[PDB]
Amino acid sequence: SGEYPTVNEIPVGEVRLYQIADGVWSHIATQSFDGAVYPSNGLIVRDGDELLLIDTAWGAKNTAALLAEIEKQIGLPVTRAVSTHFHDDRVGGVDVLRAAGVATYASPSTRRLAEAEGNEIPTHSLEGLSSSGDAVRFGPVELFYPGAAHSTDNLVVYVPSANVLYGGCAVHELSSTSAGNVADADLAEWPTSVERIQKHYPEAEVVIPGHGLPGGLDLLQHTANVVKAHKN
Ligand SMILES: C[C@H](OCC1CCNCC1)c1cccc2c(-c3ccc(CS(C)(=O)=O)c(F)c3)c(C(=O)O)[nH]c12
Ligand SMILES: [Zn+2]
Ligand SMILES: [Zn+2]
């Protein structure tokens, strides 16, 4: 009823949308992995009379439910999707998107990692993002490669019209007490990558983590803090 949705409100298989700003929504879904249930976020950005999707809803059936929820709540076609790294909470559902006529994109680094791991593979390669600090435009967003953090390929997304920073899994929510699933992370580089985000996007007004509650710029420093304490 207006608060940011959580698992307790999200059975696995259902998707909720949350209005972040004019023409910007997050999507929230839940999934089981290794016997525990997790929420995860993605982004939807209005692109004229079409929509740009950032990240799947973590699974094929969740992603089908996402498309149905978008039709119900927004009613504009999703034409393109970008996956911000290679894990199943970002690419699981790309086959559903592709069969629904959505053009799917990711960096070559994400595509290679997805392929090697056996995850779903976005169709199109996003060049221009291979060095830390790189940025490119993609419809109504800027894509930014901050360097290795949660994964070596993680991208962040900025919505300039609304000063919305979508950190993806490189950014954690304020209530977090650990740095999430760090199996593919670079804990030593992560703070430097966060510092690059902070320098590049100092006017961000909303910061959205890959999992959990949006907040403000404090999510960035908090993420560095939890990662440094994990490493140590
Ligand atoms: C789909 C992804 O696959 C990872 C692979 C690694 C090893 N090879 C197989 C798959 C995955 C699976 C399960 C959990 C997570 C999480 C995760 C875990 C805990 C918390 C709560 S917290 C901040 O307080 O620790 C949280 F927010 C997020 C994250 C993430 O951190 O991005 N990613 C996850
Ligand atoms: Zn991940
Ligand atoms: Zn994640």
# chains A, B, ... in the order shown; residues from 1 in each chain; ligands from 1
$ residues_near_ligand --ligand "ligand 2" --cutoff "8 Å" --atoms "only C-alpha atoms and all ligand atoms" --output "PDB file with C-alpha atoms, in the first residue's frame"
ATOM      1  CA  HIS A  85      25.954  -8.345 -14.772  1.00  0.00           C
ATOM      2  CA  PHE A  86      25.937 -12.051 -15.525  1.00  0.00           C
ATOM      3  CA  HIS A  87      24.166 -13.539 -12.472  1.00  0.00           C
ATOM      4  CA  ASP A  88      20.669 -15.095 -12.685  1.00  0.00           C
ATOM      5  CA  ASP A  89      19.064 -12.114 -10.902  1.00  0.00           C
ATOM      6  CA  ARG A  90      20.114 -10.022 -13.929  1.00  0.00           C
ATOM      7  CA  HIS A 150      30.246  -7.236  -6.756  1.00  0.00           C
ATOM      8  CA  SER A 151      31.430  -8.763 -10.044  1.00  0.00           C
ATOM      9  CA  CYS A 169      24.474  -5.401  -7.011  1.00  0.00           C
ATOM     10  CA  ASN A 181      26.931 -12.988  -2.305  1.00  0.00           C
ATOM     11  CA  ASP A 184      32.466 -13.373  -7.876  1.00  0.00           C
TER      12      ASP A 184
END
$ residues_near_ligand --ligand "ligand 1" --cutoff "10 Å" --atoms "only C-alpha atoms and all ligand atoms" --output "CSV table (one decimal) with C-alpha atoms, in the first residue's frame"
chain,number,residue,atom,x,y,z
A,31,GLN,CA,13.4,-16.0,-5.7
A,32,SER,CA,14.7,-19.1,-4.0
A,33,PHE,CA,18.4,-19.9,-4.2
A,34,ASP,CA,20.2,-22.6,-2.3
A,35,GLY,CA,17.2,-23.0,0.1
A,36,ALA,CA,16.8,-19.3,1.0
A,37,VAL,CA,14.4,-16.6,-0.3
A,38,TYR,CA,15.7,-13.3,-1.5
A,39,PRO,CA,14.2,-10.1,-3.0
A,40,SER,CA,15.8,-8.4,-5.9
A,41,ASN,CA,15.3,-5.1,-7.8
A,58,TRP,CA,15.3,-13.4,-11.5
A,59,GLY,CA,13.9,-16.3,-13.4
A,85,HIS,CA,26.0,-8.3,-14.8
A,86,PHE,CA,25.9,-12.1,-15.5
A,87,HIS,CA,24.2,-13.5,-12.5
A,88,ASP,CA,20.7,-15.1,-12.7
A,89,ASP,CA,19.1,-12.1,-10.9
A,90,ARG,CA,20.1,-10.0,-13.9
A,91,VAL,CA,19.9,-12.4,-16.9
A,92,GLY,CA,17.6,-15.2,-15.8
A,117,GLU,CA,28.5,-20.2,-16.4
A,119,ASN,CA,23.3,-18.6,-17.7
A,150,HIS,CA,30.2,-7.2,-6.8
A,151,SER,CA,31.4,-8.8,-10.0
A,168,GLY,CA,22.7,-2.8,-9.1
A,169,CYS,CA,24.5,-5.4,-7.0
A,170,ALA,CA,27.6,-3.2,-6.6
A,171,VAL,CA,25.4,-1.2,-4.1
A,172,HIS,CA,23.8,-2.5,-0.9
A,173,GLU,CA,20.9,-1.3,1.1
A,174,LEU,CA,21.4,0.7,4.3
A,175,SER,CA,20.2,-2.1,6.6
A,176,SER,CA,22.6,-4.7,5.2
A,177,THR,CA,25.1,-6.2,7.6
A,178,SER,CA,27.2,-8.2,5.1
A,179,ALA,CA,28.1,-7.7,1.5
A,180,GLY,CA,25.7,-10.3,0.0
A,181,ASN,CA,26.9,-13.0,-2.3
A,182,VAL,CA,30.6,-12.2,-2.8
A,183,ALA,CA,31.6,-15.3,-4.7
A,184,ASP,CA,32.5,-13.4,-7.9
A,185,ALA,CA,33.4,-10.1,-6.2
A,209,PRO,CA,20.6,-1.2,-4.6
A,210,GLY,CA,20.4,-4.6,-6.4
A,211,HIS,CA,18.5,-6.0,-3.5
A,212,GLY,CA,16.6,-4.1,-0.8
A,213,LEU,CA,15.4,-0.6,-0.1
A,223,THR,CA,28.4,-0.3,0.8
A,226,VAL,CA,30.2,-3.3,4.7
A,227,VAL,CA,32.6,-4.6,2.0
A,230,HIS,CA,33.6,-8.4,5.1
$ residues_around --residues "residue A:142" --least-positions-apart "5" --cutoff "10 Å" --atoms "only C-alpha atoms" --output "JSON, numbers by chain"
{"A": [135, 136, 137, 156, 157, 158, 159, 160, 165]}
$ closest_residue --among "A:43, A:15, A:20, A:57" --to "residue A:69" --atoms "only C-alpha atoms"
A:15
$ closest_residue --among "A:191, A:23, A:122, A:216" --to "residue A:203" --atoms "only C-alpha atoms"
A:216
$ atom_distance --atom1 "atom CA of residue A:25" --atom2 "atom CA of residue A:44"
5.1 Å
$ residues_around --residues "residue A:19" --least-positions-apart "6" --cutoff "12 Å" --atoms "only C-alpha atoms" --output "MDAnalysis selection string"
chainID A and resid 2:5 25:28 43:46 70 73:74 162 164 206 214
$ write_last_selection --atoms "N, CA and C atoms" --output "CSV table (one decimal), in the first residue's frame"
chain,number,residue,atom,x,y,z
A,2,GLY,N,1.9,1.3,-0.8
A,2,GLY,CA,2.7,2.5,-0.9
A,2,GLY,C,4.1,2.4,-0.3
A,3,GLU,N,4.4,1.5,0.7
A,3,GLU,CA,5.8,1.3,1.2
A,3,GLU,C,6.6,0.5,0.2
A,4,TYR,N,7.9,0.5,0.3
A,4,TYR,CA,8.7,-0.3,-0.7
A,4,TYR,C,8.4,-1.7,-0.4
A,5,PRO,N,8.1,-2.6,-1.4
A,5,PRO,CA,7.7,-4.0,-1.2
A,5,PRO,C,8.9,-4.8,-0.8
A,25,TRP,N,10.5,3.5,-12.6
A,25,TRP,CA,10.0,2.6,-11.6
A,25,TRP,C,11.1,1.6,-11.3
A,26,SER,N,11.0,1.1,-10.1
A,26,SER,CA,11.7,-0.2,-9.8
A,26,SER,C,10.8,-1.3,-9.9
A,27,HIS,N,11.3,-2.5,-10.2
A,27,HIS,CA,10.6,-3.8,-10.1
A,27,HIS,C,11.2,-4.7,-9.1
A,28,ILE,N,10.3,-5.4,-8.4
A,28,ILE,CA,10.7,-6.2,-7.2
A,28,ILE,C,10.1,-7.5,-7.4
A,43,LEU,N,15.0,-2.1,-12.8
A,43,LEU,CA,14.5,-0.7,-13.2
A,43,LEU,C,13.7,-0.7,-14.5
A,44,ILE,N,12.8,0.2,-14.6
A,44,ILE,CA,12.0,0.5,-15.8
A,44,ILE,C,12.1,2.0,-16.0
A,45,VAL,N,12.4,2.4,-17.2
A,45,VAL,CA,12.5,3.8,-17.5
A,45,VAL,C,11.7,4.1,-18.8
A,46,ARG,N,10.8,5.1,-18.7
A,46,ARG,CA,10.1,5.5,-19.9
A,46,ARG,C,10.9,6.1,-20.9
A,70,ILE,N,3.9,-4.9,-15.9
A,70,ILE,CA,4.1,-3.7,-16.6
A,70,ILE,C,2.9,-3.4,-17.5
A,73,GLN,N,0.1,-2.0,-15.1
A,73,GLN,CA,0.4,-0.8,-14.4
A,73,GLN,C,0.8,0.4,-15.3
A,74,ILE,N,1.4,0.1,-16.4
A,74,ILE,CA,2.0,1.1,-17.3
A,74,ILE,C,1.5,1.1,-18.7
A,162,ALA,N,15.9,12.4,-13.8
A,162,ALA,CA,15.4,12.3,-12.5
A,162,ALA,C,16.5,12.2,-11.4
A,164,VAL,N,18.4,9.7,-10.8
A,164,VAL,CA,18.2,8.3,-10.2
A,164,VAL,C,19.4,7.5,-10.5
A,206,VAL,N,18.2,9.6,-5.6
A,206,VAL,CA,17.8,8.3,-5.2
A,206,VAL,C,18.8,7.3,-5.7
A,214,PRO,N,15.6,1.3,-1.7
A,214,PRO,CA,16.3,2.5,-2.1
A,214,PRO,C,16.5,3.5,-1.0
$ select_by_dssp --residues "stretch 20-199 of chain A" --states "strand (DSSP E)" --output "PyMOL selection string"
chain A and resi 20-21+24-33+36-47+50-54+78-82+103-106+124-125+135-138+141-144+156-159+164-168
$ residues_around --residues "stretch 9-13 of chain A" --least-positions-apart "6" --cutoff "8 Å" --atoms "only C-alpha atoms" --output "PDB file with N, CA and C atoms, in the first residue's frame"
ATOM      1  N   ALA A  29      10.932  -8.572  -7.197  1.00  0.00           N
ATOM      2  CA  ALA A  29      10.483  -9.956  -7.276  1.00  0.00           C
ATOM      3  C   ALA A  29      11.251 -10.739  -6.221  1.00  0.00           C
ATOM      4  N   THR A  30      10.812 -11.973  -5.977  1.00  0.00           N
ATOM      5  CA  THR A  30      11.537 -12.807  -5.027  1.00  0.00           C
ATOM      6  C   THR A  30      11.838 -14.153  -5.650  1.00  0.00           C
ATOM      7  N   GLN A  31      12.935 -14.734  -5.196  1.00  0.00           N
ATOM      8  CA  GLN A  31      13.371 -16.011  -5.747  1.00  0.00           C
ATOM      9  C   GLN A  31      14.060 -16.818  -4.645  1.00  0.00           C
ATOM     10  N   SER A  32      14.008 -18.135  -4.807  1.00  0.00           N
ATOM     11  CA  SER A  32      14.672 -19.112  -3.963  1.00  0.00           C
ATOM     12  C   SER A  32      16.028 -19.426  -4.580  1.00  0.00           C
ATOM     13  N   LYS A  61       9.772 -17.502 -14.949  1.00  0.00           N
ATOM     14  CA  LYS A  61       8.381 -17.229 -14.597  1.00  0.00           C
ATOM     15  C   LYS A  61       8.228 -15.863 -13.945  1.00  0.00           C
ATOM     16  N   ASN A  62       9.201 -15.457 -13.123  1.00  0.00           N
ATOM     17  CA  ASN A  62       9.156 -14.108 -12.563  1.00  0.00           C
ATOM     18  C   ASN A  62       9.194 -13.035 -13.668  1.00  0.00           C
ATOM     19  N   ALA A  65       5.944 -12.737 -15.361  1.00  0.00           N
ATOM     20  CA  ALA A  65       5.057 -11.990 -14.458  1.00  0.00           C
ATOM     21  C   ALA A  65       5.379 -10.506 -14.476  1.00  0.00           C
TER      22      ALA A  65
END
$ select_by_dssp --residues "stretch 54-191 of chain A" --states "alpha helix (DSSP H)" --output "PyMOL selection string"
chain A and resi 60-73+88-91+94-99+108-117+190-191
$ closest_residue --among "A:52, A:192, A:228, A:42" --to "ligand 3" --atoms "only C-alpha atoms and all ligand atoms"
A:42
$ atom_distance --atom1 "atom CA of residue A:16" --atom2 "atom CA of residue A:71"
12.1 Å
$ residues_around --residues "residue A:60" --least-positions-apart "6" --cutoff "8 Å" --atoms "only C-alpha atoms" --output "VMD selection string"
chain A and resid 92 to 96
$ write_last_selection --atoms "C-alpha atoms" --output "PDB file, in the first residue's frame"
ATOM      1  CA  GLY A  92      17.598 -15.164 -15.753  1.00  0.00           C
ATOM      2  CA  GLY A  93      14.570 -14.407 -17.849  1.00  0.00           C
ATOM      3  CA  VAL A  94      16.411 -13.082 -20.923  1.00  0.00           C
ATOM      4  CA  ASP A  95      15.021 -16.026 -22.960  1.00  0.00           C
ATOM      5  CA  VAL A  96      11.467 -14.976 -21.922  1.00  0.00           C
TER       6      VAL A  96
END
$ closest_residue --among "A:101, A:163, A:55, A:219" --to "ligand 3" --atoms "only C-alpha atoms and all ligand atoms"
A:55
$ atom_distance --atom1 "atom CA of residue A:167" --atom2 "atom CA of residue A:155"
7.6 Å
